[PDB]
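Trainee: need coordinates for the following:
(one chain, ligands or ions: 5)
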Amino acid sequence: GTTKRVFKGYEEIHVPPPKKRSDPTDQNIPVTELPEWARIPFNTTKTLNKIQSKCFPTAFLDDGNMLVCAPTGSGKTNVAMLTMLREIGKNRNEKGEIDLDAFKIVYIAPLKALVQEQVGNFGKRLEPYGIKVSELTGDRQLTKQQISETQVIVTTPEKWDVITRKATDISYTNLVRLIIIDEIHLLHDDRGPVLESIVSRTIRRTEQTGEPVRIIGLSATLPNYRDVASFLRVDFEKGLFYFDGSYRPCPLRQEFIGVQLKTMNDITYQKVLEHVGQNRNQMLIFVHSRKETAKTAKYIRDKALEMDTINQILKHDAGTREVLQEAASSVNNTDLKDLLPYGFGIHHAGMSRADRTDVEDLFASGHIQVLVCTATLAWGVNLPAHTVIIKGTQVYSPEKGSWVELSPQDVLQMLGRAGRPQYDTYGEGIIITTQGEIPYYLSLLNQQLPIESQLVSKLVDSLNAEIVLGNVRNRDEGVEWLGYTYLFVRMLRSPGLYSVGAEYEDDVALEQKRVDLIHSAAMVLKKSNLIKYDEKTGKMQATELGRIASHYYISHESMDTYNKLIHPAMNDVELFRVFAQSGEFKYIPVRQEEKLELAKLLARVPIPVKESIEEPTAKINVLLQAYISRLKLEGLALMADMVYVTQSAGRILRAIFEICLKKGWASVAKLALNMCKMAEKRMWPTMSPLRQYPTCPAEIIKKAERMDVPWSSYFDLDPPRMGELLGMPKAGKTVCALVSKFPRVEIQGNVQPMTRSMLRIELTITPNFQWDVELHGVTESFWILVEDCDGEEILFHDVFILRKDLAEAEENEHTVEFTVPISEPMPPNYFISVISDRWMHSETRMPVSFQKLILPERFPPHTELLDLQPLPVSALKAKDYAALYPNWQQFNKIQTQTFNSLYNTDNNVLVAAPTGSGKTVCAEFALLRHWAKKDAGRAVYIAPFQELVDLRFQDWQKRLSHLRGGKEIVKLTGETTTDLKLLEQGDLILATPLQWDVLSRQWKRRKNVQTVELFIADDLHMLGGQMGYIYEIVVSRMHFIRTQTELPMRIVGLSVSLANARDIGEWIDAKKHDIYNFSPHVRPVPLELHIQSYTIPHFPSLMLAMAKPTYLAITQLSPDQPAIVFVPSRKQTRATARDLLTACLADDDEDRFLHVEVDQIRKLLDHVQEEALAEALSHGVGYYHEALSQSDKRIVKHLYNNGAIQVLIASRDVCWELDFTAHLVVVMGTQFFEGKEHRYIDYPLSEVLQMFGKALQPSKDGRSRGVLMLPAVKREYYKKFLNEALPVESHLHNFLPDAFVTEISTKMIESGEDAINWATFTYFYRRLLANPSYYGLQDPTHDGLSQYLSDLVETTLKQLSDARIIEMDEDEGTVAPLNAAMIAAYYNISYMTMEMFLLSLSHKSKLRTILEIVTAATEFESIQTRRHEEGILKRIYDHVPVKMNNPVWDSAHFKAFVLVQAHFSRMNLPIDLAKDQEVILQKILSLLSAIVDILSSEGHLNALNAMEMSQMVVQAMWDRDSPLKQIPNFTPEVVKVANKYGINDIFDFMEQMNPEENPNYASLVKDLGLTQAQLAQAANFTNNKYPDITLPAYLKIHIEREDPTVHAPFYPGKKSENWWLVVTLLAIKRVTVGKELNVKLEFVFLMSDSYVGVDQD
Ligand SMILES: Nc1ncnc2c1ncn2[C@@H]1O[C@H](COP(=O)(O)OP(=O)(O)O)[C@@H](O)[C@H]1O
Ligand SMILES: Nc1ncnc2c1ncn2[C@@H]1O[C@H](COP(=O)(O)OP(=O)(O)O)[C@@H](O)[C@H]1O
Ligand SMILES: Nc1ncnc2c1ncn2[C@@H]1O[C@H](COP(=O)(O)OP(=O)(O)O)[C@@H](O)[C@H]1O
Ligand SMILES: [Mn+2]
Ligand SMILES: [Mn+2]
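Mentor: Numbers count the residues shown, from 1 in each chain. Ligands and ions are numbered 1, 2, ... in the order given. See the structure here:
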């Protein structure tokens, strides 16, 4: 068939196009009448093509991966469309809309032009669905992350591979459920390994976890289609489609020409003559250089100008000849293209998009006959031509430095443009090349070039990536990975061309081959320090250097050289030298033709180049410099080499910068970041910063750079002063805008010395620049650096992100808390710098001076843990006391050392020992001595949190209620009138600090408070906890009491190992020998503690990343013992359960943590209330968090203690309530997000010690284990305070208003001098002398201390008087409460909430007003905010009548405002939001009664609507509503059925449905549809639950009735029914009603609190 024709110079080979052969089988194309949802994208077509026909069934129904092969222009993108359509249908409602946050789809294309054309096409075609298609482009992660918040994303393989390597977007990467790979034949190219890595890791994860993501490959007509088909896991019967060149819509005639190359130009000119003059067909030529396009076009046109052949090519129509040049030459800006009046065109992507679209539209209209172009036009257009001419096939690739043949994908995409199907009946594709290249391209176009792997050239690096991801931990996992690559599939079959060696004859699945290959790669990876490699165990772990080598594409050799060369004294010269030394440019040669220009270029550059002027290193150096300087280069190969160098520089310089940053070298790090910016913005630091603005005209830059005004003098100016300073009035308004948007930040810093060697710094960053999305986007990144006074070492570094929402708000400031070490010969100062990550000259630098800093007191040694004889239980002189400890014959080493002081002495005692040592038995020693006394006074045990008092009560009530004739052990409750009688009725009272506070406030009254003889303060360190200031207050008040009354009162305190136990001891007035402060290493079961650091800036990605390491920790450190994993939130608890279950699925052991057969557990599993918890427990994991029901918690506890399940995942919010024990404790998170400040706050050391204190189960070696996973920045912090004792400091100085409100409500404090003596009884006062700088004390003198206390009490009294809570008589200097601190202390609401409650009474308060004012209380601001819980709040807000004045969607105020209304409307809620609603309902009643009393204090009578709202929220109803909602099972439709019968109130309902009365008993029972039991419950409510009985000039009132509780099944716990007495309206009285009452009120409306519609008028 092929005709060979030999000529003078060239040898033509014509291959005839095979016949269409399109109707041997009558495969009628589908009608494309699909459902209504899958038709709108196919706008301009009614019939699918022949290719899409056989793919439509599998595409639209079958989910399996597939691969189609066809010629270019055949219709593959439409089968990819069909796959996207099956997915959109998957995410579509029956007839409703589509949830677009549930799924993502990724389209991978080889070049940028194709991704842009594809994003445009798919945007147009998918816009009616609301789907937003976007291109994954950024120079920054801040752009790519926001681009990952879209539905379908189009990207290149390199960008996708690099965003997956960073692992900082896994939270969204997991949401992809479909991937399309266009032009897979790239696998043959040197970039194929990127595709290999992508698909290998994706398919491996899918086959491990079972989470399906569809893979569809669209390749070209090629031989090895079955290889890549199996490599994509497609079914050869149902997923593999292959089509001949006859399935091409326009058959392609192929002639090959082979010829140093002037004959090529002559042949192109003669073919232009033949095809445009004789055949009159427009044609396009493809060349491989932007300048060579116009070079060849100019040659052809000049050759046509001579010999007078131009009139054959030229069109002579009066229209074309007159319109073409008029609309093109007069409107073109390209000087070299301006030669287009002769029908010629150039299109090489180095021209304006305006000129580009003009050329394209002109070629489409038929005005251009010869269009010469680059490969950029081949990819991503819709411009076909009859004749395409690939002029030349050799191109320069600066990677290898040698001339390389053209990529086989470019020639195919080019020849695809040959022959427009609608106009032409055939196309012509010609390839001009050299003779020797003829057999290469022929076989390529005639389906004979096979695809081979190039992974061997990039294996090592790629392997390292899989190791940095945590996907490859050992050689076996690496072999599993390498078993999914294309190299493996190409090794299995046809291994001869690969130098396998043939020694692996019996290698069944090439297992040993992959093992050997991965070991050989990991050896080189280990030598270069990119990885730790256990050569024998097979274990391997990535390093920080390997992480840098993976996140950026840096080669292993280059990273090795960077590690070898970089040192802290490095300058800009040596930095450029290290850059040019990189191995990416070693093939780039220095040529003789380059020297004449290289000498000049080196003369121009500013940085000295010391290498030999003729060495490649100097060439690469001067190339980078000259690119920075924006020098014009008249050299072709030189320009190509520079383009390559500068494309690599972006990653090379960032890798160098991160290396310097992680080595702690400050100067080199800042210099490397500045060089990064130099190459990114293409400017030197000595040029004008205005060069960073693209819209800034060059005139301004030149004027500025010819000036000497420093950059800082541009800021804080207006347009007139700006123009005056700049010397250009016209520039005034312009430049002032640009500078106004330059990233600018003001910083402040506060220093508190935690210890003598570690300071804590609070940095306050406030942005000071106008935001603009064109150059800022939505976020702006910064670096926070902390340096020595010498600028030598980096003491702290982190990233700091400005969000556009947070940077534009009124409350504009951000806070950042960190810790830095310090040496006792203190340095003069530290430095803090906030430096932009992309902008140049954007740095705010602040000194932190230490001349005023005073370090805390040295710590004294811990008390020696003496080696005593373990005292037997018989040392107790009672048999019943010894029976309290069954089967115990001794006590531990610390219980015997405190025994004499606690059991034989009534002195005050302090015991400080690690968690889990047994301090409860010390408290029991004290209690046993107390109860031995015949008097046996009352004892009071206090614990920081109700969880702890409950755990203690459940134990002591069953173990000690039988001693010495029986003791009454009680625990307090919320309100006062009941636990006040529990105090008198009991001998041992357990309480929380606040509960006992409300009782000890009434001392010198309520005689039963002084009689307390024993006071146990457990977990005393928690005085520095969440609400620890009230704890400090109550213990100091007990001391003050036992000072006022002279009766003896013992105090015994228990805490974890302290660093400052002297002050806590002397505080409770304990003697020196009674203060036991043991080392934090004396725990009876030692604790092997591992620490893992994580450099991951995205929180969900960090959690997902830690997921698998904790599985490894559990399976390797505690393989046959229970483990407990703590997690930052209850929301993340189920997520971590699922992640750990999937990690179990990764190995072929799904029930790894399940030991008992599931059938025994099945009952409890059925009884689990949460379906996710039941699914987890089904496979032996389970979890525990505050939203769980009591039954769920008890089931989880029964399952974990019995050993049926091995792991237990608990949120950090339940670590005090968790009555569990493990051999291994994992601390996954160290931070938790607090929605109040929009930031992550660190775990307080208190709860880390608490969580690790549950690792009490030992092993063979007699020790327990813990692991602590944290961000790197935090490691040295926690590590420190896990090897040393815990410093406890007071925060009473930060809550003095809320303490004085209670000390002034009672007349304890009555003046300023009356408050200093109160402060002297506190722990804060004793701490002021030991750590004065922590609290702001300047001089450590009695004068200074007393003056500081005076200033503090005066500013607290000022905050209170300015808030209108107390009268402050400044003359006498006294204070008094004014009818508002009473309410505050009675309901214990915050003082800031009290001041906020002043906004009422202005005009007056209404129902809709009070509903909004209550939820604004600060108590609800503590409620957690789960990220991305918006929308489910807006949907609820749209379904409630009363609206907010100004919505703030992420505000806890708006959250409470909406949830209260959802409670009124009985709207269902998800579990976590329902828990938040419960928490709100717990306090809304207290807040509402406080508001009632506040309104009653003045004249206004809006408080009545507040009482109505109280009864509303009790009954979950609205103000105006049918009371029948209170009746059980009365859905709104039943209320409608009742209203149809004439029922309006519960009274009228009770009067109806009575046999022989109102004869509707027949139809009413039938229409209500209620069962007999529902009617019985309704009768239960209506009979004796809903009330029925009703009732200075003084008044007298009576009331009677026909009792214990209130019927309100939608409210957690409600005190018995109360009543209001309301006669600018004055009188109020609040009393409970029982059976009968007679009360007379004196004045100068009978309302309820729990039921509606019962109101005397
Ligand atoms: N069923 C059809 N009816 C009409 N035109 C079609 C049909 N299928 C594909 N085309 C057109 O054929 C051209 C080939 O484009 P495309 O299919 O995206 O490239 P490829 O064939 O390389 O996937 C497109 O411009 C498209 O509009
Ligand atoms: N490095 C940082 N600097 C400042 N704020 C941060 C930083 N990281 C997170 N934040 C805060 O946390 C929120 C982002 O939470 P996160 O889950 O980490 O990212 P995402 O925005 O993807 O949810 C932002 O509102 C931001 O204010
Ligand atoms: N002398 C002892 N020998 C063995 N186990 C003990 C001893 N004292 C306490 N325990 C165990 O310690 C657990 C409780 O420790 P706890 O008293 O809470 O210590 P801490 O209060 O310091 O956390 C109990 O389960 C108990 O069995
Ligand atoms: Mn394609
Ligand atoms: Mn304890």
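Trainee: so which bits of stretch 918-931 are buried?
Mentor: Residues of stretch 918-931 classed as buried: 919, 921-931 (neighbour count, 16 or more other Cβ atoms under 10 Å). In this view, the C-beta of every residue, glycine as well, is placed from N, C-alpha and C.
Trainee: just the C-alphas of that stretch, formatted as PDB.
Mentor: C-alpha atoms of stretch 918-931 as PDB (Å, rounded to 0.1, in the frame of the first residue of the first chain):
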ATOM      1  CA  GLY A 918      -2.800   6.400  94.800                       C
ATOM      2  CA  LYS A 919      -3.300   9.800  96.500                       C
ATOM      3  CA  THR A 920      -6.900   8.800  97.000                       C
ATOM      4  CA  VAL A 921      -5.600   6.500  99.700                       C
ATOM      5  CA  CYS A 922      -3.900   9.500 101.300                       C
ATOM      6  CA  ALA A 923      -7.200  11.300 101.500                       C
ATOM      7  CA  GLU A 924      -8.600   8.000 102.900                       C
ATOM      8  CA  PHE A 925      -5.900   8.000 105.600                       C
ATOM      9  CA  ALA A 926      -7.000  11.500 106.600                       C
ATOM     10  CA  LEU A 927     -10.700  10.400 106.600                       C
ATOM     11  CA  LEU A 928     -10.000   7.300 108.700                       C
ATOM     12  CA  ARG A 929      -8.200   9.400 111.300                       C
ATOM     13  CA  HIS A 930     -11.100  11.800 111.200                       C
ATOM     14  CA  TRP A 931     -13.700   9.100 111.700                       C
END
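Trainee: any figure for the gap between the spatially most central residue of the chain and residue 1232?
Mentor: Centroid-nearest residue in the chain, with Cα atoms, centre = their mean: residue 1099, separated by 3.4 Å. Using Cβ to Cβ, to the nearest Å, residue 1099 is found at 9 Å from residue 1232.
Trainee: just residue 1140 next, same as before
Mentor: Residue 1140 is 20 Å from residue 1232, by Cβ to Cβ.
Trainee: got the residues of this structure near ligand 3?
Mentor: 891-892, 895, 913, 915-921, 1253 (Cβ under 6 Å from any ligand atom).
Trainee: what's the farthest-apart pair in those residues?
Mentor: Maximum pairwise distance in those, criterion Cβ to Cβ, is 19.3 Å, between 891 and 1253.
Trainee: residue contacts, residue 947?
Mentor: If you count contacts by Cβ atoms under 8 Å, 6 or more residues apart in numbering, residue 947 has them with 1214, 1216-1217.
Trainee: please apply the same query to residue 83.
Mentor: 59, 178, 180, 214, 216.
Trainee: rerun at 6 Å
Mentor: For residue 83, the contact set (Cβ atoms under 6 Å, 6 or more residues apart in numbering) comprises 59, 216.
Trainee: mind checking the SS state of it?
Mentor: Assigned state for residue 83: helix (three-state reduction, DSSP: H, G, I helix; E, B strand; the rest coil).
Trainee: re the thing from before, between residue 1140 and residue 1232, which one's more packed in?
Mentor: residue 1140 (24 against 18; other Cβ atoms under 10 Å).
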